[PDB]
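J.: One structure follows; several queries about it will come next.
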Amino acid sequence: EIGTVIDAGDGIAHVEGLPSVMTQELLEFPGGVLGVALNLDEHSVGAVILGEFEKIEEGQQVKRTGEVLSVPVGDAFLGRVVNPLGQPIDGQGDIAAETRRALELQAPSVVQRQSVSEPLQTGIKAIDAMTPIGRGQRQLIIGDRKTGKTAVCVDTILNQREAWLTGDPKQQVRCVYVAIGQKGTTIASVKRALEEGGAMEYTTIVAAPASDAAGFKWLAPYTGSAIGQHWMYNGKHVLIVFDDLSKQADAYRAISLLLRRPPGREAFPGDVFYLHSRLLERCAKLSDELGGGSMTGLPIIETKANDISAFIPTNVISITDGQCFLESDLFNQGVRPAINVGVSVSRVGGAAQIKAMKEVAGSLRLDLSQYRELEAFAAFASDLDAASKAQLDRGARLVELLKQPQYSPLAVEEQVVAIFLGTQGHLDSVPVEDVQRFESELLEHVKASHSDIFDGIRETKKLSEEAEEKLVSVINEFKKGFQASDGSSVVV
Amino acid sequence: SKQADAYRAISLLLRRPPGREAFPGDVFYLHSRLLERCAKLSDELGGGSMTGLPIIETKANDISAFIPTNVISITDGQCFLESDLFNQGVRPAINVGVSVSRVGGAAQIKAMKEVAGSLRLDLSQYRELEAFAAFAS
Amino acid sequence: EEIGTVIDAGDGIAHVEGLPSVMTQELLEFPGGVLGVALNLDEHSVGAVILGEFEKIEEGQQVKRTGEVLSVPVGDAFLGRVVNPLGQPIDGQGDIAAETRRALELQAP
Amino acid sequence: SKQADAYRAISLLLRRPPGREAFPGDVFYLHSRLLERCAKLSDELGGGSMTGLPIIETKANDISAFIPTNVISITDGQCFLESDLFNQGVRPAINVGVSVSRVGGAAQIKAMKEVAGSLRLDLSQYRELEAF
Amino acid sequence: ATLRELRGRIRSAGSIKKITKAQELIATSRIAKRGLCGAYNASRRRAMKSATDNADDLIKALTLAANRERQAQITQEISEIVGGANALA
Amino acid sequence: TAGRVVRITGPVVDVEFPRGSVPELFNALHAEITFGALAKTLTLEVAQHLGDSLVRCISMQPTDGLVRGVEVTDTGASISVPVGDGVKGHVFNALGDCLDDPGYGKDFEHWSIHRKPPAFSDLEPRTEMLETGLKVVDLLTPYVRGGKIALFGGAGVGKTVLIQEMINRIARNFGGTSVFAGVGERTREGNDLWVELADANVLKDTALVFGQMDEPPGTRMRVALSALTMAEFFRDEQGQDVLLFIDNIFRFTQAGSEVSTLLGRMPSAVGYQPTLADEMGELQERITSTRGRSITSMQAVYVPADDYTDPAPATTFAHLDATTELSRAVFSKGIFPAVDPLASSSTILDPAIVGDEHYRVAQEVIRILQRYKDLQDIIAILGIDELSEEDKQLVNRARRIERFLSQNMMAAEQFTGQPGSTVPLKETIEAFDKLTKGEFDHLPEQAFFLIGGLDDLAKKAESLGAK
Amino acid sequence: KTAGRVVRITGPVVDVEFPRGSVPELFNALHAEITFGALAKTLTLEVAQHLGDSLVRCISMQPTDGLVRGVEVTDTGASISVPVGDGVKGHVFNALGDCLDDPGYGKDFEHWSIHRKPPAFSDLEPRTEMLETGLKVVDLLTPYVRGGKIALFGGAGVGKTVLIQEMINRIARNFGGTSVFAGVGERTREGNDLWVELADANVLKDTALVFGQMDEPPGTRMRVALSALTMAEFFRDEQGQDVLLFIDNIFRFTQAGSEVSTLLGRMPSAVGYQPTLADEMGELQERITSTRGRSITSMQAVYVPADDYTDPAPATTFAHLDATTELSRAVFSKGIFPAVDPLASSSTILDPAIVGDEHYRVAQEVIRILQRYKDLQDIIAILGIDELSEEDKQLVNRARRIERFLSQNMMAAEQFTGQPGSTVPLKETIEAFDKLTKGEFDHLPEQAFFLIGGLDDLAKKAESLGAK
Ligand SMILES: Nc1ncnc2c1ncn2[C@@H]1O[C@H](COP(=O)(O)OP(=O)(O)OP(=O)(O)O)[C@@H](O)[C@H]1O
Ligand SMILES: Nc1ncnc2c1ncn2[C@@H]1O[C@H](COP(=O)(O)OP(=O)(O)OP(=O)(O)O)[C@@H](O)[C@H]1O
Ligand SMILES: Nc1ncnc2c1ncn2[C@@H]1O[C@H](COP(=O)(O)OP(=O)(O)O)[C@@H](O)[C@H]1O
Ligand SMILES: [Mg+2]
Ligand SMILES: [Mg+2]
Ligand SMILES: [Mg+2]
């Protein structure tokens with residue numbers, strides 16, 4: 001069966017014939033071009049061209065592969081950059097594919113899963129303590145441009161370095177980074193950041209730069225999802241980042257409009273929500289009978305003018321297992337990461353944290369939300385009561401504590417100790433302006449003199465009573481020698 | 001409002017050209033035709049009458065929407081009910097400042113007209129003076 | 001001569017069948033001294049935007065070519081005169097001795 | 001502004017999908033190709049020139065609307081008359097802060113330049129000073 | 001969302017306006033007979049008159065923005081509706 | 001006498017039949033996908049009669065792999081689901097297939113998912129209060145036994161946590177059957193609910209029907225009808241009290257709007273299907289209690305973009321007896337449950353049913369909160385000190401009241417690490433009456449945050465040092 | 001035979017029917033003749049779509065006025081090509097490659113197609129070398145990248161073109177490589193002024209000008225950028241030069257694309273823009289990149305419609321830029337030049353790993369102070385600075401002084417004020433802003449910081465105002 005291109009243009013084609021073509025089938029156009037059949041009617045077949053559509057012409061012969069969209073999958077994809085078809089684009093040679101995997105495969109059923117119970121440490125105090133991410137969770141990194149979303153995702157990928165070095169498949173996390181509509185040099189810089197941190201040893205990049213046709217930008221998240229799913233169904237743990245899904249939505253809208261499907265809100269196709277939802281429901285925590293593997297999703301959404309009420313941001317927020325709002329106003333204030341505490345949450349909750357972090361950070365998010373509310377309320381108070389003053393001081397110290405620079409991941413034990421400092425009142429004596437330094441210094445002290453606390457937390461996942469008392473004693477002893485910038489003693 | 005929504009559904013399913021808020025071009029005609037049958041007949045026709053009390057449900061107290069605008073234009077007077085007054089304890093929560101009856105005193109008995117003459121002035125003046133309740137001195 | 005026929009007309013627009021040699025942006029005469037500009041040309045008909053009294057345009061009317069591409073008269077005679085966008089005097093002071101005709105869509109320097 | 005409204009009417013009657021404020025996508029092309037023909041010809045072409053004085057009606061002094069911004073991006077400066085000054089009695093009601101002449105500095109006799117060069121920004125700042 | 005935020009800001013500014021006007025009148029009465037004084041520390045009647053005028057200006061600007069957003073929302077809604085209808089035409 | 005596929009555009013399939021064999025509307029048709037990696041049996045619901053013996057249908061399963069001109073078999077009846085006590089304790093999809101035990105229930109009685117609502121004569125209003133144990137719900141939004149309850153709110157404000165809390169507080173001790181309908185929600189949430197019900201031994205009395213958000217629009221539209229059919233069988237045949245939980249009902253409307261344009265319908269306002277209110281009315285009027293037969297329905301309603309003026313929640317509002325609107329502002333202030341006391345309502349919150357004291361206390365609380373909301377902006381700009389002494393007292397009272405309306409819920413233990421608490425109605429009324437009288441103005445407002453009753457208030461106050 | 005004929009003419013878009021088997025390839029250049037005396041010319045059409053039944057839809061590069069149905073259309077066999085080589089330097093070309101200042105020039109040069117694929121991913125290298133312009137605001141808060149992509153956003157009349165001229169004066173003058181300036185949908189008189197100014201400054205001999213201005217059909221307005229990019233790409237790839245590429249204005253390319261899409265019958269996306277907006281922008285931008293070992297330092301002005309930064313065009317353009325400088329109407333109103341929005345503007349190399357710890361610290365302190373000032377502005381508009389706390393009053397004074405000091409007297413601004421511009425070294429900028437943040441200059445009047453250079457000019461103007 002050979003069809004004939006009856007028309008072409010703008011990355012779309014209409015082909016007559018091929019009566020036995022399947023929906024979403026992969027068609028071959030002359031010159032090695034590939035298309036995907038989306039619209040099927042008696043008149044013709046509508047196809048989206050996946051690349052170099054300038055070579056398509058009326059009357060060309062089109063063959064049907066007989067296979068729906070699928071991509072190669074295997075461990076050989078680690079450390080490689082590929083296009084949404086799995087073809088390498090880093091110029092390093094062929095990739096040995098273990099097997100093939102269709103892009104449209106149903107997500108694990110409600111009975112094939114188990115509750116998310118394993119932490120996925122991002123190394124970032126704010127996320128790990130306030131909006132924890134478990135393995136099998138979908139956490140949305142949403143915010144304006146230049147708010148640090150890619151920074152958060154790249155730091156999360158880098159923080160898996162130690163887990164990868166452990167060598168235990170139950171601990172290792174394999175990373176897939178899908179870049180959609182990104183400038184090529186930005187993808188190159190991301191790859192450089194992963195390589196300098198030795199993260200490409202266990203990372204695959206699916207790249208659909210803005211130069212690519214809308215088909216590649218629409219498919220790239222599904223290609224990455226299939227590549228991650230191959231590992232997930234083999235007992236591995238996968239973390240997948242989509243940067244961004246709004247670019248996917250734009251590309252899909254372009255494809256749908258060119259195919260002349262009736263649009264809806266903001267000219268988007270009626271099934272854009274279905275697109276994103278069925279993409280993101282494949283990130284799951286499989287049951288023990290299926291190997292116990294998981295895929296953790298980190299979709300990234302860019303909001304224009306902090307408008308989270310737009311169509312795609314609203315859909316993606318409603319889809320994921322929690323969101324991590326980043327605000328430019330918070331970013332400029334020095335709150336880095338600029339996570340808006342009141343609106344950011346994780347629906348997995350404490351189940352995604354270790355016991356020690358759960359105990360230290362039990363009510364941190366609520367405490368900070370209430371602190372922000374009180375700070376807004378008491379903006380122009382002429383004489384505050386004692387309880388309000390204490391709450392404001394504690395909240396300011398906590399806000400200072402949650403600040404963190406870029407490319408500076410913290411081990412789970414160090415984060416536990418820092419949050420213990422913050423929430424147990426040991427920072428009340430320290431001036432706000434010094435809190436950060438104090439925190440860091442104390443960690444180093446515990447690293448060089450009382451490392452047994454870190455080892456105990458890391459091996460037992462719990463802060464024992466004896467360990468807690470020793471930590472308090474060490475905190476006070478360090479306070480004795482600590483030098484505050486203002487000169488005030490931080491003892492008692 | 002629900003009748004207008006149902007008629008809009010019917011019209012759209014009939015592929016009639018939509019306008020503002022997807023309503024057809026004769027939704028105002030729908031409501032005006034409905035509400036102009038409430039009349040006060042002359043004595044030659046028996047002197048009967050029918051009084052209309054249409055209800056409109058606004059969203060976010062938006063009286064400038066399409067159907068509310070049409071119905072406000074059609075009717076002879078409006079009673080605006082506000083949830084803010086309702087929560088304040090004012091119940092029925094009729095906003096006397098903006099509610100109006102173009103028929104006016106012609107629809108009141110003499111005693112009611114006499115007693116209620118000063119009520120409007122007093123309420124308007126009270127609304128003006130509201131801000132000074134803290135400084136009675 | 002070439003003559004077309006109005007195949008439909010409404011709200012300031014008309015469609016004329018025929019006129020195979022009509023240019024783009026050409027001026028067409030509809031009966032009663034009405035004028036139109038041919039914006040859309042296709043194998044079926046020509047879409048003309050009417051300029052003036054559109055209410056005098058009827059289906060079946062005979063439409064004639066002018067041979068000019070949306071031009072207007074130009075010359076020193078226009079000083080002290082009031083004209084409509086077609087260059088026709090509306091002050092009621094008689095004809096205007098136009099030096100020549102200039103097309104409206106000539107490129108800028 | 002009324003030409004833009006008429007062209008929008010024509011385009012909508014042609015069932016051309018509109019954009020911002022229901023205007024077509026080529027309304028900017030309309031105004032820009034109109035105003036690019038007001039030029040100062042070179043001496044080779046005779047040295048003649050045409051000076052354009054397009055008028056635009058804003059709504060509530062909103063110079064950030066679509067057509068006003070288009071024309072501002074087309075023309076060589078604007079003389080923004082604001083209703084506030086006009087009603088106060090200052091006529092002509094030129095808004096000193098907004099009004100500007102991009103290519104007007106050269107086209108000015110020596111004395112006028114020497115006298116008004118300061119005056120311009122002096123009034124521009126004295127608006128702010130009088131704000132207090 | 002922008003329209004709702006603009007309406008909220010308009011009501012906020014209105015409440016500010018009434019409270020400032022009441023303070024101005026009370027200050028006038030007290031003159032005839034806290035920090036809301038304008039620049040005494042760096043008078044309260046002058047400061048409250050200025051605050052009420054600024055609130056009036058802010059309310060007018062917010063109302064203009066809200067009306068612009070209302071018109072834009074109506075136009076965009078009609079654009080989507082007519083685009084769908086044309087697609088189905 | 002079988003048809004064949006003619007057009008395929010996503011979840012909408014056109015099928016041509018021989019003359020005289022055109023299936024009736026809503027009939028279930030079967031088509032086969034034979035592709036190795038995606039072999040399956042598509043179930044198509046006849047949605048439109050296009051003429052010329054063509055019918056437009058919605059696919060319940062994904063259409064990837066479908067081929068034009070393939071055999072389509074007409075079953076002669078609408079989508080049917082198993083009914084009977086056997087459904088209790090199992091998980092089903094929109095088509096009635098059992099998930100926890102494939103092939104189970106194939107022999108039970110099968111009821112068509114499309115049904116008419118009860119006759120107006122049979123309908124009879126319900127006014128009995130349903131005591132939950134949450135201060136805010138019990139006081140300001142009393143729930144009706146056998147009535148319709150909704151939990152409105154945007155994304156991530158606490159609708160699902162509140163649904164789980166109500167399952168814990170109502171279903172656990174329920175003496176009748178329960179039906180949960182997970183309409184277009186997260187699969188992880190479905191698994192969590194299944195495991196939770198199994199742990200609490202309440203699954204044996206509960207029937208679960210799940211249609212997830214990764215399924216085509218057809219499943220999301222018809223899963224609610226399937227669950228409602230099971231609930232209707234329990235109400236009408238078994239004649240026992242039924243608990244019906246739906247989460248999220250808005251997904252039904254959203255799926256309806258997804259296929260609207262693909263079905264040839266012109267879009268209504270806000271890109272909604274023109275038949276939004278009609279479909280909503282059919283589905284919601286099928287959810288009701290009849291004379292002598294009680295269904296207590298609790299529905300989580302998603303409010304798109306926190307916009308309560310959106311046509312979907314606005315249309316939904318008319319179908320409810322009690323509504324709890326969760327607010328993004330309350331949520332961001334850290335108040336949980338994030339109920340907006342001023343926007344909530346209950347048809348039984350009048351003196352005739354709840355009593356004079358309850359009504360008086362609720363109205364005073366509402367008035368104080370409204371006044372505090374009015375003074376919010378003045379406080380934000382000019383500061384509190386510029387308010388009158390009465391206004392300052394009211395502001396403090398309102399802050400304490402809004403903190404006290406918060407509570408530590410049992411279903412929220414995994415989020416705060418704090419065990420939940422339950423407050424009897426009389427204690428709630430007494431405590432809020434004391435609050436509105438200024439009896440606790442001396443205690444810090446922080447003492448009123450995420451506690452239970454007055455004993456917990458005293459414990460927290462003495463922990464903070466107050467008394 | 002093999003030549004098609006016109007069947008439909010709807011504005012710049014023309015449908016051409018060809019004999020079976022002779023249908024031209026997409027983007028091929030066809031030629032048609034308009035013979036009417038006034039409008040006589042040779043239309044160059046670009047094949048845009050294949051409509052089927054041997055029909056092709058093409059975009060006209062010249063106005064189609066006077067074109068007649070059924071006239072002969074001849075296929076050139078190749079897409080639009082433009083001259084390349086050192087010869088192009090010092091001459092003015094249009095979108096089609098025709099030399100305007102010397103007609104017939106370049107017909108003998110090598111000709112390159114204006115449609116090309118972007119460089120392969122393996123050939124891309126991130127760039128992080130700072131470009132010292134000499135402006136305080138740019139150097140401090142959004143340093144430019146050498147070999148990177150810089151954009152200037154802003155509404156109508158905020159200083160996009162003046163800033164482009166400033167950067168041409170500060171970068172192109174002392175440049176050992178080649179420059180290409182692409183005027184895209186801009187004022188023709190602005191193009192003439194740029195031509196004259198580059199001739200006077202002696203920079204023209206090293207610069208190639210390509211002008212498709214406002215009074216051109218949308219096809220030309222959307223293809224002139226591709227022509228100039230082709231010239232720049234030849235200079236980058238073949239001659240191994242460091243190429244400067246100035247584009248003014250890219251939003252005009254997007255808007256012309258929108259007009260063409262409307263004329264092509266495509267269904268419109270949000271705000272009436274073309275469905276392929278992001279894809280066309282991606283192609284054009286990704287062609288502008290710098291490859292490994294070969295540097296193109298591009299600088300594009302982006303018009304923001306109705307001052308709406310949420311508009312789809314700039315919204316999509318944002319992602320293609322290493323450095324972004326957003327010009328604000330609010331800043332412009334205050335008379336601050338350049339009218340840069342320090343909070344909105346950004347740069348990818350403003351991190352301590354590239355610009356050093358001191359520069360990053362000073363920039364972040366300035367940004368924090370300005371953000372706090374912006375947050376306070378809402379109370380301030382109502383109640384002056386009088387109700388703020390002492391810390392807030394001090395911060396507001398510091399922020400006002402900082403925002404005045406971010407303004408500068410620019411070289412290109414002399415024609416508007418007669419004041420010669422000033423250049424501030426990066427070290428002096430960092431020192432001065434560190435002092436400002438530390439509060440050392442809080443005693444000077446605000447006007448002392450308005451439109452000056454470094455610390456010496458600050459002292460001179462403070463003396464002129466009777467201050468320390
Ligand atoms: N925690 C942090 N501390 C300091 N700087 C940070 C931090 N996170 C990000 N940045 C900086 O903020 C800028 C934006 O970072 P990033 O690229 O991650 O943001 P984004 O939101 O993904 O941006 P875009 O819209 O360009 O994709 C970069 O300069 C990055 O170095
Ligand atoms: N640094 C400056 N000093 C003084 N005046 C300036 C300065 N920059 C701009 N202007 C004034 O602003 C006017 C507009 O500047 P410019 O043409 O560069 O803006 P633009 O953003 O390119 O505008 P448009 O959208 O109209 O093309 C200039 O003509 C001049 O009047
Ligand atoms: N009682 C509570 N205490 C603390 N957090 C809560 C409570 N209820 C809800 N939340 C938070 O609200 C978020 C959304 O919860 P959920 O109800 O599952 O989503 P939705 O409200 O969209 O249905 C969760 O991440 C959870 O942390
Ligand atoms: Mg990013
Ligand atoms: Mg939920
Ligand atoms: Mg300019």
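Letters for chains follow the order of the structure tokens (A, B, ...), residue numbers begin at 1 for each chain, and ligand numbers begin at 1 in the order shown.
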Write out as a PyMOL selection string each polymer residue whose atoms come within 8 Å of residue 102 (chain C), counting only C-alpha atoms; drop sequence neighbours fewer than 3 positions from it.
T.: chain C and resi 71-74
J.: Counting only C-alpha atoms and all ligand atoms, name the residues that have an atom within 10 Å of an atom of ligand 5; the answer should be given as a PyMOL selection string.
T.: (chain A and resi 318-321+347) or (chain F and resi 153-163+182+184-186+189+247-248+300-302)
J.: Just the residues within 8 Å of residue 36 (chain E), please, counting only C-alpha atoms, with nothing from its chain fewer than 4 positions along; format it as an NGL selection string.
T.: (:E and (44 or 47-48)) or (:G and (387))
J.: Write out, as a PDB file, in the first residue's frame, the residues just selected, with C-alpha atoms.
T.:
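So part.pdb came out as:
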ATOM      1  CA  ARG E  44      -2.699  65.949  59.716  1.00  0.00           C
ATOM      2  CA  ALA E  47      -1.796  64.915  54.954  1.00  0.00           C
ATOM      3  CA  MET E  48      -5.290  63.409  54.929  1.00  0.00           C
TER       4      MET E  48
ATOM      5  CA  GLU G 387       4.575  56.548  57.186  1.00  0.00           C
TER       6      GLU G 387
END
J.: Output as number ranges by chain the set of chain F residues within 7 Å of chain E, with distances taken over only C-alpha atoms.
T.: F: 264, 266-268, 270, 377-378
J.: Could those residues be written to a file, using C-alpha atoms, as a PDB file, in the first residue's frame?
T.:
ATOM      1  CA  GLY F 264     -19.742  19.554  15.616  1.00  0.00           C
ATOM      2  CA  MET F 266     -20.233  25.420  18.374  1.00  0.00           C
ATOM      3  CA  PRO F 267     -18.502  26.567  21.579  1.00  0.00           C
ATOM      4  CA  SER F 268     -20.373  28.451  24.278  1.00  0.00           C
ATOM      5  CA  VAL F 270     -15.512  30.227  28.200  1.00  0.00           C
ATOM      6  CA  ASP F 377      -7.282  46.792  53.674  1.00  0.00           C
ATOM      7  CA  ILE F 378      -7.443  49.651  56.177  1.00  0.00           C
TER       8      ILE F 378
END
J.: Could you list the residues in chain C lying within 8 Å of chain D, using only C-alpha atoms, and format the result as a PDB file with C-alpha atoms, in the first residue's frame?
T.:
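The new file selection.pdb reads:
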ATOM      1  CA  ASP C  11     -22.668  45.365   3.630  1.00  0.00           C
ATOM      2  CA  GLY C  12     -20.180  47.246   1.490  1.00  0.00           C
ATOM      3  CA  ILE C  13     -18.902  44.228  -0.471  1.00  0.00           C
ATOM      4  CA  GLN C 107       6.041  52.660  -2.888  1.00  0.00           C
ATOM      5  CA  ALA C 108       7.619  55.224  -0.585  1.00  0.00           C
ATOM      6  CA  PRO C 109      11.068  56.694  -1.286  1.00  0.00           C
TER       7      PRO C 109
END
J.: What do you get as a PyMOL selection string if you pick all residues at most 7 Å from ligand 4, counting only C-alpha atoms and all ligand atoms?
T.: chain A and resi 146+148-150+243
J.: Could you write out the selected residues, including C-alpha atoms, as a PDB file, in the first residue's frame?
T.:
ATOM      1  CA  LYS A 146      14.236  33.502  35.141  1.00  0.00           C
ATOM      2  CA  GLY A 148      15.235  29.339  38.846  1.00  0.00           C
ATOM      3  CA  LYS A 149      13.058  26.463  37.615  1.00  0.00           C
ATOM      4  CA  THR A 150      15.819  24.922  35.507  1.00  0.00           C
ATOM      5  CA  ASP A 243      11.446  21.809  30.345  1.00  0.00           C
TER       6      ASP A 243
END
J.: List as a PyMOL selection string the protein and nucleic acid residues lying within 7 Å of ligand 6, with only C-alpha atoms and all ligand atoms counted.
T.: (chain D and resi 73) or (chain G and resi 157+159-161+186)
